[PDB]
């Protein structure tokens, strides 16, 4: 287990992960190639460089005491290992909705600025990737403090999980379920980026003199980096700075033990007291788990970045890339109409599962995408031109009945085309989830690919319904609603 062999592997790994994209048709092979190199490095290393003797629950009392000494709320809840979500907070008393039950002063947080003033400071001021990417800076901040026995944040670090359910921890066959989906490319990117980052910083630590005082200089395993970046991506937060002029990334102890449920964001930052504050999202009776609303993220973002799949996600969505073709003879006019509306000529839009299926920006694009030349002129010339552009994102004011029929006909055909690019059908995915016994990580992948097709299927039906509604208004010569 010579260090020179590991240096040769990280050098091979860095160059492999620094190569350009091999084309979307060879991304799976590249992924497997990178996996093989990573697993060979991981098999030659000793896992996490720092492990703690006690189990996770043994260190929660020290977290409460540590957080109490620095002004945080520690009464009214307890840590419980729930089966569905893992460890979380459970109310020991009745908590009414909108009650301020949880607050964490800034002194407890781990932030980019706390990383600047730590042992990582010297290396931070020289490496561009650390300066430009605060999430990576927080990840190394967490690693350096983890390997420091007398760190101020040890009570928080000793309570963190030792493993996560991000795709970085998935088996090869669990990721294979995602083949031919939209989400698997982000899984590829996450894995390639993490592998490139580890090898890059492994060599940076070994060559920069201002990293010699780091504990990572003596031990920095791939397991360390995967755990660190998984800790940050599943728990990081955006808070304002002390003066309130700039925003920064932060890890918020104690409060980040809350699991996710549907609702509204009830967590903010109070600058007057300089502390994170969280009011109860709903009534929490004693003995009930305390939840918060993480945000309006899709199940793909929850799986890839948060490490879980949320059933009945009201904000689920899929991507759909659309653009005006340069072969279109009306390209110049369409591009100008889109530019005056603040919409690019080509972009990635979203199809939502909750009505409406498309946003105002996507509706405005599809209207211009299907405009005739004479309709485009009325959006470019005259005293009413800007007024017409102002209503492009409004469903109540169409350009014309024919324009609506054409844009909903296109969306139905495109959504039907996207469904035909998946390896399996919706009925096949449901059969797998029903007849096979799967792991949590495998279920996440299969539910993820199922959710994509179900959003596309609902977009197909909603577009067909809208097509028939506006065709009725056109066959009956309905008066066009004016604003």
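Numbering follows the first chain given and starts at 1. In this text, the rigid core denotes the largest set of C-alpha atoms whose superposition between the two forms falls within 1.5 Å.
Visitor: Please work out whether 339 to 347 or 254 to 262 has the higher root mean square C-alpha deviation in 6 other deposited structures of this protein relative to the shown form, with the rigid core as fitting region?
Guide: Most displaced of the pair in 6 other deposited structures of this protein: 339 to 347.
Visitor: Between 389 to 397 and 407 to 415, which has its CA atoms farther from the current form in 6 other deposited structures of this protein, using a rigid core superposition?
Guide: Higher root mean square deviation of C-alphas in 6 other deposited structures of this protein is shown by 389 to 397.
Visitor: Of the other PDB entries for this protein whose models extend past residue 24 on both sides, does at least a third leave it without coordinates?
Guide: Yes; at least one third of the other entries leave residue 24 out.
Visitor: Looking only at CA atoms, which has the higher mean B factor in the entry: 260 to 268 or 121 to 129?
Guide: For C-alpha atoms only, the mean B-factor is higher in 121 to 129.
Visitor: Higher mean Cα B-factor in the deposited model: 240 to 248 or 155 to 163?
Guide: Here the higher of the two C-alpha B-factor means belongs to 240 to 248.
Visitor: For the listed 390, 310, 191, 169, which has the peak Cα B-factor recorded in the PDB entry?
Guide: Highest C-alpha B-factor among the listed residues goes to 390.
Visitor: Quiz for you: based on the deposited Cα B-factor, which of 174, 273, 224, 288 is highest?
Guide: Checking the PDB record, the top C-alpha B-factor among 174, 273, 224, 288 is at 273.
Visitor: Going by the CA temperature factor in the PDB record, which third of the chain does residue 253 belong to: lowest, middle or highest?
Guide: As the PDB entry reports it, the C-alpha B-factor of residue 253 lands in the lowest third of its chain.
Visitor: Considering every modelled residue of the chain and its Cα B-factor in the PDB entry, is residue 47 in the lowest, middle or highest third?
Guide: For residue 47, whose C-alpha B-factor we compare with every modelled residue in the chain, the answer is the middle third.
Visitor: Name the third of the chain's ranked CA B-factors that contains residue 332, choosing lowest, middle or highest.
Guide: Tercile = highest for this residue's CA B-factor.
Visitor: By the recorded C-alpha temperature factor, relative to the other modelled residues in its chain, which third is residue 431 in?
Guide: It belongs to the middle third of the chain when residues are ordered by C-alpha B-factor.
Visitor: Pull the Cα B-factor of residue 447 out of the PDB entry and bin it into the chain's lowest, middle or highest third.
Guide: Residue 447: CA B-factor falls in the lowest third of its chain.
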